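Undergrad: Hey, dropping my_file24.txt in here, compact mmCIF, C-alpha atoms:
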```txt
# COMPACT_ATOMS: atom_id res chain seq x y z
CA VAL A 1 -3.08 31.20 43.97
CA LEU A 2 0.56 31.78 44.96
CA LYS A 3 0.72 28.40 46.74
CA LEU A 4 -0.74 26.64 43.70
CA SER A 5 1.75 28.41 41.40
CA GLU A 6 4.73 27.37 43.55
CA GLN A 7 3.49 23.74 43.77
CA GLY A 8 3.45 23.49 39.96
CA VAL A 9 -0.31 22.98 39.81
CA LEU A 10 -0.95 25.83 37.36
CA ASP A 11 1.90 24.67 35.11
CA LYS A 12 0.48 21.14 35.12
CA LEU A 13 -3.03 22.39 34.37
CA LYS A 14 -1.79 24.42 31.43
CA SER A 15 0.21 21.44 30.15
CA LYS A 16 -2.84 19.19 30.46
CA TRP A 17 -5.39 21.44 28.80
CA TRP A 18 -3.19 22.84 26.02
CA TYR A 19 -0.87 19.95 25.12
CA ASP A 20 -2.02 16.69 26.71
CA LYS A 21 -5.43 17.32 25.12
CA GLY A 22 -3.75 18.66 21.95
CA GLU A 23 -4.98 17.34 18.60
CA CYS A 24 -1.65 18.02 16.87
CA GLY A 25 0.56 16.45 19.56
CA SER A 26 3.55 18.39 18.14
CA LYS A 27 5.96 19.98 20.66
CA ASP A 28 8.82 20.97 18.28
CA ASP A 29 18.55 21.81 12.37
CA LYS A 30 18.55 21.92 8.53
CA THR A 31 22.01 20.73 7.40
CA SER A 32 21.43 22.03 3.86
CA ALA A 33 23.21 18.99 2.29
CA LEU A 34 21.25 17.80 -0.71
CA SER A 35 19.07 14.86 0.20
CA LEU A 36 18.39 11.82 -1.93
CA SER A 37 14.91 13.24 -2.51
CA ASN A 38 16.44 16.20 -4.36
CA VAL A 39 18.05 13.93 -6.98
CA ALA A 40 15.80 10.86 -6.91
CA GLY A 41 14.56 11.37 -10.45
CA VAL A 42 18.02 11.12 -11.89
CA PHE A 43 18.48 7.75 -10.15
CA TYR A 44 15.10 6.57 -11.55
CA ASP B 1 38.71 -22.87 -12.09
CA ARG B 2 35.21 -23.96 -13.16
CA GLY B 3 34.66 -25.97 -9.94
CA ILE B 4 35.61 -22.97 -7.81
CA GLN B 5 33.54 -20.66 -10.03
CA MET B 6 30.46 -22.83 -9.53
CA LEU B 7 31.20 -23.01 -5.78
CA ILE B 8 31.36 -19.21 -5.58
CA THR B 9 28.19 -18.91 -7.62
CA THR B 10 26.20 -21.32 -5.41
CA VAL B 11 27.48 -20.01 -2.08
CA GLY B 12 26.96 -16.43 -3.24
CA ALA B 13 23.45 -17.10 -4.53
CA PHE B 14 22.49 -18.62 -1.17
CA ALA B 15 24.16 -15.76 0.74
CA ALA B 16 22.40 -13.06 -1.31
CA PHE B 17 19.02 -14.76 -0.95
CA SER B 18 19.45 -15.31 2.80
CA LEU B 19 20.61 -11.75 3.47
CA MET B 20 17.81 -10.24 1.40
CA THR B 21 15.08 -12.42 2.96
CA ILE B 22 16.28 -11.68 6.48
CA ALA B 23 16.41 -7.97 5.64
CA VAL B 24 12.86 -7.99 4.29
CA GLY B 25 11.71 -9.93 7.38
CA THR B 26 13.56 -8.32 10.29
CA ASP B 27 12.70 -4.90 11.77
CA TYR B 28 16.01 -3.08 12.20
CA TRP B 29 16.01 -0.87 9.10
CA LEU B 30 15.74 2.45 10.91
CA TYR B 31 16.49 3.75 14.39
CA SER B 32 14.34 6.85 14.97
CA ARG B 33 12.24 8.46 17.74
CA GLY B 34 8.61 7.59 17.00
CA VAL B 35 5.85 5.92 19.02
CA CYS B 36 4.63 2.38 19.58
CA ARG B 37 1.01 2.91 20.68
CA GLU B 38 5.31 10.71 24.37
CA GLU B 39 8.01 9.79 21.80
CA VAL B 40 10.86 7.38 22.60
CA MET B 41 13.69 5.64 20.73
CA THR B 42 12.19 3.04 18.34
CA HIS B 43 13.42 0.63 15.62
CA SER B 44 11.24 0.42 12.52
CA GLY B 45 11.45 -1.99 9.56
CA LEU B 46 9.48 -2.32 6.32
CA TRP B 47 6.23 -3.33 8.06
CA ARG B 48 6.37 -2.82 11.87
CA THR B 49 7.81 -0.22 14.31
CA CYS B 50 8.88 -1.15 17.86
CA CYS B 51 9.93 0.58 21.10
CA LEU B 52 13.56 0.22 22.16
CA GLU B 53 13.18 1.37 25.81
CA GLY B 54 10.76 2.35 28.60
CA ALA B 55 7.48 0.67 29.61
CA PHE B 56 6.03 -0.31 26.22
CA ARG B 57 9.46 -1.69 25.23
CA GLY B 58 9.20 -4.73 22.95
CA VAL B 59 5.77 -3.52 21.75
CA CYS B 60 5.48 -3.22 17.96
CA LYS B 61 2.75 -1.58 15.82
CA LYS B 62 2.04 -1.95 12.10
CA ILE B 63 3.54 1.03 10.24
CA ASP B 64 0.87 3.38 8.96
CA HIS B 65 2.56 3.64 5.57
CA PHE B 66 -0.20 6.04 4.52
CA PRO B 67 -1.06 9.20 6.59
CA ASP B 68 -0.16 14.80 -5.58
CA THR B 69 0.16 11.83 -7.97
CA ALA B 70 3.89 11.42 -7.27
CA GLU B 71 3.49 11.37 -3.48
CA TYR B 72 0.64 8.87 -3.89
CA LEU B 73 2.68 6.54 -6.11
CA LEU B 74 5.73 6.73 -3.85
CA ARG B 75 3.60 5.99 -0.78
CA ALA B 76 1.93 3.09 -2.61
CA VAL B 77 5.22 1.60 -3.81
CA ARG B 78 6.83 1.97 -0.40
CA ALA B 79 3.81 0.59 1.43
CA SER B 80 3.81 -2.69 -0.49
CA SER B 81 7.63 -3.05 -0.49
CA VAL B 82 7.24 -4.09 -4.14
CA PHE B 83 10.92 -3.77 -4.98
CA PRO B 84 12.59 -5.57 -2.02
CA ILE B 85 10.11 -8.41 -2.57
CA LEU B 86 10.78 -8.47 -6.30
CA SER B 87 14.50 -8.65 -5.61
CA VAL B 88 13.83 -11.62 -3.27
CA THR B 89 11.79 -13.30 -6.00
CA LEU B 90 14.49 -12.83 -8.64
CA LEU B 91 17.22 -14.06 -6.30
CA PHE B 92 15.10 -17.16 -5.71
CA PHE B 93 14.77 -17.80 -9.47
CA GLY B 94 18.48 -17.18 -9.99
CA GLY B 95 19.25 -19.74 -7.28
CA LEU B 96 16.88 -22.18 -8.99
CA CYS B 97 18.72 -21.76 -12.30
CA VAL B 98 22.10 -22.20 -10.61
CA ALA B 99 20.90 -25.41 -8.95
CA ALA B 100 19.26 -26.65 -12.17
CA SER B 101 22.47 -26.08 -14.17
CA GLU B 102 24.22 -29.18 -12.79
CA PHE B 103 21.19 -31.48 -13.22
CA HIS B 104 20.88 -30.35 -16.88
CA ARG B 105 24.32 -29.71 -18.41
CA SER B 106 22.87 -30.04 -21.96
CA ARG B 107 21.49 -26.49 -22.23
CA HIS B 108 23.87 -23.53 -21.72
CA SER B 109 21.39 -20.67 -21.28
CA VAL B 110 20.47 -21.91 -17.80
CA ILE B 111 23.49 -20.34 -16.11
CA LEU B 112 23.25 -17.29 -18.34
CA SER B 113 19.69 -16.78 -17.14
CA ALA B 114 20.95 -17.24 -13.57
CA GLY B 115 23.33 -14.36 -14.14
CA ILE B 116 20.65 -12.17 -15.63
CA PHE B 117 18.29 -12.85 -12.74
CA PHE B 118 20.99 -11.86 -10.28
CA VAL B 119 21.75 -8.65 -12.13
CA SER B 120 18.06 -7.76 -12.24
CA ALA B 121 17.74 -8.57 -8.53
CA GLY B 122 20.49 -6.05 -7.80
CA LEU B 123 18.67 -3.39 -9.84
CA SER B 124 15.38 -3.98 -7.99
CA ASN B 125 17.33 -3.78 -4.75
CA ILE B 126 18.68 -0.33 -5.72
CA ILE B 127 15.22 0.93 -6.60
CA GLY B 128 13.99 -0.37 -3.25
CA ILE B 129 16.66 1.44 -1.28
CA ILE B 130 15.97 4.69 -3.10
CA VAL B 131 12.21 4.43 -2.62
CA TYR B 132 12.64 3.54 1.04
CA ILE B 133 15.00 6.42 1.77
CA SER B 134 12.94 8.87 -0.26
CA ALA B 135 9.70 7.82 1.48
CA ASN B 136 11.30 8.23 4.90
CA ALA B 137 12.27 11.80 3.99
CA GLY B 138 8.58 12.61 3.42
CA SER B 139 17.69 12.46 13.68
CA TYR B 140 17.92 8.77 12.74
CA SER B 141 20.23 5.89 11.83
CA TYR B 142 20.18 2.75 9.70
CA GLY B 143 20.16 -0.66 11.34
CA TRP B 144 21.62 -4.00 10.33
CA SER B 145 18.56 -4.98 8.25
CA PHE B 146 19.31 -2.10 5.89
CA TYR B 147 22.91 -3.20 5.60
CA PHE B 148 21.79 -6.75 4.95
CA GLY B 149 19.88 -5.42 1.95
CA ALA B 150 22.97 -3.50 0.79
CA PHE B 151 25.28 -6.53 1.09
CA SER B 152 22.69 -8.58 -0.75
CA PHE B 153 22.97 -6.11 -3.64
CA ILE B 154 26.76 -6.33 -3.74
CA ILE B 155 26.86 -10.13 -3.61
CA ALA B 156 24.09 -10.43 -6.19
CA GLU B 157 26.07 -8.33 -8.66
CA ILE B 158 29.26 -10.33 -8.02
CA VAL B 159 27.44 -13.61 -8.55
CA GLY B 160 25.86 -12.27 -11.75
CA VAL B 161 29.29 -11.43 -13.10
CA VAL B 162 30.69 -14.85 -12.22
CA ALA B 163 27.70 -16.61 -13.79
CA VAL B 164 28.10 -14.71 -17.04
CA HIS B 165 31.80 -15.58 -17.00
CA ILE B 166 30.91 -19.27 -16.71
CA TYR B 167 28.59 -19.04 -19.69
CA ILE B 168 31.09 -17.06 -21.74
CA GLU B 169 33.90 -19.51 -21.06
CA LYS B 170 31.65 -22.48 -21.91
CA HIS B 171 30.77 -20.98 -25.31
CA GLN B 172 34.38 -19.88 -25.91
CA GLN B 173 35.84 -23.29 -25.03
CA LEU B 174 33.25 -25.39 -26.90
CA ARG B 175 33.18 -23.16 -30.02
CA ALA B 176 37.02 -23.04 -30.10
```
As C-alpha cells, how would this structure be written, given the file I've shared?
TA:
Amino acid sequence: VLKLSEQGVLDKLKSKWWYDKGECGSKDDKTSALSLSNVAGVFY
Amino acid sequence: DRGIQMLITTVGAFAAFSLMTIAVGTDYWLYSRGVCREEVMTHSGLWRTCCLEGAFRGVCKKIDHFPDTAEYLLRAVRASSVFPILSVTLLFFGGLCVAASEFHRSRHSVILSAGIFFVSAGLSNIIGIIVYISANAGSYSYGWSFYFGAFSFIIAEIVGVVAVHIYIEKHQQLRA
C-alpha cells in the first residue's frame, strides 16, 4: 500500500473513478461590474 | 461633390456588405476555453467552435446552441443568427438600390431607400451584437470576426447618412 501510494497509483485511481468517469465533468472571480445582461432590456 | 458622394456610398456599401458577410461566415468571434470533441483554448464563431492548440487542433464542432420563455427565445434567436443574417440581407438590398440608382436616374426614392436599408441594417447589427453577448453570458476575448461586424455597423450608418444627404440635395436643388 505504501509503495502504491508513493508511485501515484492511488491518486490516479481516485482521479479515474471519481472524475474521469464523472457525469458532470466540472472541476472548478466575480468582477461585480454590471454585465450587458443586466441592462439588455433597456437596449431592446 | 455628388460624384465623390456617390463614390463614398458605393465603396462603403461594398465594404459594409463584405465585412458583415465575412463576419457571419468566419469563426473568430470568441476566444474561450471550451472543447472540440479536457478543456483547451478554442475559437468559436456563430456556428462552429474549433481548437486552437494541442492534438485535436484545427478540429471544429457544430456549436450546441441549445443545452423560462425569455431564455428559450434568446436561445432560439441566437441559435439561428436571425439578426446578423437580416443585417446581411438589408445591406445586400441597400447595395442593389445604390447600384440601381445610376441605371434609373428618373426616380429619386431609389437612393433614399438605399439609405433607409443601410440604417436598418445597422439597427439589426446592434440587436445581433446584444443577443450574441447576452447569450454568451448564459475568461474570454473577442476575435476579428466580431470586430468585422462592429465596423460593418459603423460604415453602414455612415453610408446611410451620405445616401440621405444625396437624396436631400437632389430634392433641394431640383425644387429650388
Undergrad: With a distance threshold of 8 Å and counting all atoms listed in the file, extract the residues of chain B near chain A and express them as a list in words.
TA: residues 127, 130, 133, 134 and 137 of chain B
Undergrad: Smallest atom-to-atom distance to residue 27 (chain A): which of B:38, B:19, B:60, B:30, using all atoms listed in the file?
TA: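 With all atoms listed in the file as the atom set, the closest residue is B:38.
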Undergrad: Can you list, as a VMD selection string, every protein, DNA or RNA residue that comes within 10 Å of residue 102 (chain B) when you count only C-alpha atoms, leaving out same-chain residues fewer than 4 positions away?
TA: chain B and resid 6 97 to 98 106 110 to 111
Undergrad: Which distance in Å separates CA of residue 140 (chain B) and CA of residue 40 (chain B), to one decimal?
TA: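 Straight-line distance from CA of residue 140 (chain B) to CA of residue 40 (chain B) works out to 12.2 Å.
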Undergrad: Mind pulling up the distance from CA of residue 52 (chain B) to CA of residue 39 (chain B)?
TA: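 Rounded to one decimal, the two atoms are 11.1 Å apart.
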Undergrad: Quick check, in Å to one decimal: how far apart do CA of residue 29 (chain B) and CA of residue 32 (chain A) lie?
TA: 24.1 Å
Undergrad: Measuring between all atoms listed in the file, which one of B:103, B:128, B:139, B:161 shows the shortest distance to residue 30 (chain A)?
TA: B:139
Undergrad: Can you pull out every residue within 6 Å of residue 20 (chain B), counting all atoms listed in the file, but drop anything in the same chain fewer than 3 positions away, and send it as a VMD selection string?
TA: chain B and resid 17 23 149 152
